[PDB]
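Per-entry structural report
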Amino acid sequence: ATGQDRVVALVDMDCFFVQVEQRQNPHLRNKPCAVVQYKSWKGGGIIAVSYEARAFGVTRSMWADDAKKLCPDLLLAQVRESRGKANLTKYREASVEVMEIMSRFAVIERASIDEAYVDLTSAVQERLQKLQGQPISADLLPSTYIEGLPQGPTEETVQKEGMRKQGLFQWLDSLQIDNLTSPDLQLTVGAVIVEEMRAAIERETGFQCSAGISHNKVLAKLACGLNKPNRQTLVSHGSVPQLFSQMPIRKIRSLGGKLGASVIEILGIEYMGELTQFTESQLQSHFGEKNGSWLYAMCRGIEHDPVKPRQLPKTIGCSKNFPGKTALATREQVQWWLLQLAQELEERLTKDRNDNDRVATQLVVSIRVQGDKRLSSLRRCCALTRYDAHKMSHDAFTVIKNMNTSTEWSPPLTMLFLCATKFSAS
DNA sequence: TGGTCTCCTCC
DNA sequence: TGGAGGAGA
Ligand SMILES: Nc1ccn([C@H]2C[C@H](O)[C@@H](COP(=O)(O)OP(=O)(O)OP(=O)(O)O)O2)c(=O)n1
Ligand SMILES: [Mg+2]
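Residues numbered from 1 in each chain as written, not as in the entry; some residues may be left out. Chains lettered and ligands numbered in written order. Heavy atoms only, no water. Residues with missing side-chain atoms left out of burial classes, pairs and counts.

- Per UniProt, chain A has the following entry under Subcellular location: "Nucleus".
- Listed under Sequence similarities in UniProt, the entry text for chain A is "Belongs to the DNA polymerase type-Y family." (UniProt positions renumbered as here; feature names shortened; annotations may be inferred.)

Here it is in structure tokens:
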């Protein structure tokens, strides 16, 4: 198998939170700007950065005071604060706009707030039967890059738009259109549809996005990041060997952490391509049966993880960190914040019930204690029977009350997390 | 480092 | 009728 059975796209919103704030406030459009939370501490922590601001070296998690040193004219929008904490409602509602448009075209898997995988196989087939064997014009692909192209010989390729076009021209001239079963053709038609999905998103919301088109989710996701912002990339099966030959392992989705580090360390390699020299059994012996098989196929551009038909979140939660000296040290402090979180949760749950005809049946409560390395010190669950903040906050307190070893609380709490899960039809 | 989150696997 | 952790938005 060559892993060419599907056409898969991944659509990803450009500097998402920034665009949401720029739509609402025209003064921020086409300028260096960032989205911050909690203005009183070092100007706020940056959570999203415009491309104009990135050119100055501004990144996520920079304090805005520090970002102003790199970019003096940097403009800022603040996350809404409600019930004593950052509130992301605006961005979740903006997300809904985008997901709904995309779901008119095909089955989506909502992977995050601002990205969805699209399974385009069927849409591609139908379109190929509609076209009537007609040639594909370059005008149908005005923002598409073909990864690996242009190659060979040929005052045009000096500028980026010039390169894109020569690349696209070479691809289209070489396309055999008379055969409806050609994976390259399928991908091309898949890219035509994504141009239309992206045009629809921009028309109906004003947000711009990037997209990757390939044969699986991982290559689609890799493809998408190759030409940002506001552009889409086709990564064909044939492009993989050259692409993978200098592709750092950590750039592939799910290899950005400890597992990716172990591949590099154990095998003595740098690049995704280098993985081809190892047998499936060799990879299985190092990283386990599932990862080993996954890597064997992946380094050859083959992956089988399906686009799951799901556009609603499986969990609805909210949390607050209480770092250093702000750590919660009294029973009444703990009960107060549990109530704030519960109240926001109640509102979001109630909305979710009316919107999507479903109820959460489990409440998960998670905490961190001061001086614990781990990201969580304790997760406990209970039944969620009523969408009632007072009940949910009191029940949350019950199940964690045993952690106190002192009405003082010790050790102090650095984190609270309430999460509603286990949805069933209502 | 940061902060408010979601999805997944392992045992 | 679970809880810890990894990996990413
Ligand atoms: N660690 C993170 C990552 C993301 N986000 C939020 C803010 C982002 O705008 C949105 C989407 O995340 P992306 O990783 O897609 O980043 P952007 O959309 O901001 O930039 P890009 O244009 O590179 O996708 O999720 C966040 O709060 N914290
Ligand atoms: Mg994005």
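Some points on the domain arrangement of chain A
- When cut into domains, chain A gives domain 1 (1-14 + 85-248), domain 2 (15-84), domain 3 (249-306) and domain 4 (307-426).
- Between the C-alpha centres of domain 3 and domain 4 there is a distance of 36 Å. (Domains from an automatic or database assignment.)

Regarding the side chain of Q19
- Within the element layout of this structure, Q19 appears in helix α1 (residues 16-24).
- Taking the relative accessible area as the measure of exposure, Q19 reaches 9% and is therefore buried.
- Within the structure, the side chain of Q19 is placed 2.8 Å from the backbone oxygen of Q208, a separation counted as a polar contact.
- With near-sequence residues (within four places) excluded, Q19 lies in contact with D14, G206, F207 and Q208. (Helix = DSSP H or I, 4+ residues; strand = E, 2+ residues; numbered from the N terminus. Buried < 20%, exposed > 50% of the residue type's maximum accessible area, 1.4 Å probe, protein only. Polar contact = N/O pair within 3.5 Å; in protein donor to acceptor, adjacent residues only side chain to side chain. Contact = heavy atoms within 4.5 Å.)

Some remarks on the coordination of the magnesium ion (ligand 2)
- Here the magnesium ion (ligand 2) is held by the protein donor atoms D12 (OD), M13 (O) and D114 (OD), which lie 2.2 to 2.3 Å from it.
- The coordination sphere of the magnesium ion (ligand 2) comprises 6 donor atoms, whose angles at the metal cover 77 to 169 degrees; the geometry is octahedral.
- Mapped onto the sequence, the residues coordinating the magnesium ion (ligand 2) show the spacing D-M-x100-D. With a gap of 102 residues between them, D12 in strand β1 (residues 8-13) and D114 in the loop between β7 (108-112) and β8 (115-119) connect regions that are remote in the sequence.
- The exposure class of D12 is buried, given its relative accessible area of 8%.
- Of the residues examined, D114 reaches a relative accessible area of 16% and is grouped as buried. (Donors = N, O, S within 2.8 Å, 3.2 Å for Na, K, Ca; no water. Tetrahedral: all angles 85-135°; square planar, octahedral: opposite > 155°, others 65-115°.)

Let's talk about the sheet that holds strand β11 (residues 232-234)
- In space, the 6 strands of this open sheet follow the order β7-β8-β1-β10-β11-β9, with mixed pairing throughout. In this open sheet, the two edge strands, each paired with only one partner strand, are β7 and β9 (144-146). For this sheet, the mean inter-axis angle between neighbouring strands, taken without regard to orientation, is 20 degrees.
- The pairing of β1 with β8 spans 5 bridges and is classified as antiparallel. Bridging across to β8, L10 finds its partner in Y117. (Pairing = 2+ DSSP bridges. Axes fitted to C-alpha atoms, helices over the stretch in contact; angles between N-to-C directions.)

Comments concerning the protein's contact with DNA strand C
- Surveying the vicinity of DNA strand C reveals 18 residues, the closest of which are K221, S254, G256, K258 and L259.
- Backbone atoms, meaning sugar and phosphate, form 93% of the atoms of DNA strand C found within 4 Å of the protein.
- A distance of 3.3 Å separates a sugar or linking oxygen of DNA strand C from a polar side-chain atom of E115.
- In this structure, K258 approaches DNA strand C through a main-chain N or O atom, which is 2.8 Å from a phosphate oxygen.
- Looking at the surface near DNA strand C, the elements that each hand over two or more residues are α10 (258-267) and β15 (378-383).
- Per element, the largest residue contribution to the surface near DNA strand C is 4 residues, and it comes from β15.
- Across the surface near DNA strand C, the residue classes break down as 5 nonpolar, 5 polar and 8 charged. (Near = heavy atom within 4 Å. Nonpolar A, V, L, I, M, F, W, Y, C, P; charged D, E, K, R; others polar.)

Focus: the protein's contact with DNA strand B
- Around DNA strand B sit 23 residues in total, of which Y38, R92, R310, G317 and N321 are the nearest.
- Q37 has a polar side-chain atom sitting 3.1 Å from a base nitrogen of DNA strand B.
- Where the surface near DNA strand B is concerned, the elements lending two or more residues are β6 (85-86) and β12 (316-321).
- Ranked by the residues each element gives to the surface near DNA strand B, the list is headed by β12, at 6 residues.
- Counted by class, the surface near DNA strand B contains 9 nonpolar, 6 polar and 8 charged residues.

Topic: the packing of α10 against helix α11 (residues 280-287)
- Interaxial distance between α10 and α11 falls to 11 Å at its minimum, and their mutual angle equals 120 degrees. Relative to α11, the element α10 lies oblique. As for the relative orientation of α10 and α11, their crossing is right-handed in sense. Within the contact between the two elements, α10 uses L259, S262, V263, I266 and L267 and α11 uses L283, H286 and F287.
- Looking at the contact of α10 with α11 residue by residue, the class counts come to 6 nonpolar, 2 polar and no charged. (Parallel < 35°, antiparallel > 145°, perpendicular 65-115°, else oblique. Left-handed = near helix turned anticlockwise from the far one by under 90°.)

A short note on the site of ligand 1
- Near ligand 1 lie 14 residues; those nearest to it are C15, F16, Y51, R54 and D114.
- The contact in question runs from an oxygen atom of ligand 1 to an N or O atom on the backbone of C15, over 2.7 Å.
- A distance of 3.0 Å is found between an oxygen atom of ligand 1 and a side-chain nitrogen or oxygen belonging to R54.
- Calculation on ligand 1 without its partners gives an accessible area of 550 Å², and the protein chains cover 67% of this total.
- Among the secondary structure elements, those contributing two or more residues to the shell around ligand 1 are β1, α1, β3 (45-49) and α2 (51-54).
- Each of two domains, domain 1 (1-14 + 85-248) and domain 2 (15-84), supplies a minimum of three residues to the shell around ligand 1. (Areas by Shrake-Rupley, 256 points an atom, 1.4 Å probe, with all protein chains shown as cover.)

Focus on unusual backbone geometry
- The amide bond that connects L149 to the next residue, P150, takes the cis arrangement and shows omega of 5 degrees.
- Tracing the backbone shows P150 in the loop between β9 and α6 (160-174).
- Residue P411 is bonded to the preceding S410 through a cis peptide linkage, with omega at -5 degrees.
- Here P411 lies in strand β16 (residues 408-425).
- A positive phi angle, near 60 degrees, is found at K42, a position not held by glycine.
- Considering the arrangement of structural elements, one finds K42 in the loop between β2 (33-37) and β3.
- Positioned with a positive phi, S61 is a non-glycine residue whose angle comes to about 85 degrees.
- Structurally, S61 is set in the loop between α2 and α3 (64-70).
- Accessibility expressed as a relative area gives 57% for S61, which makes it exposed.

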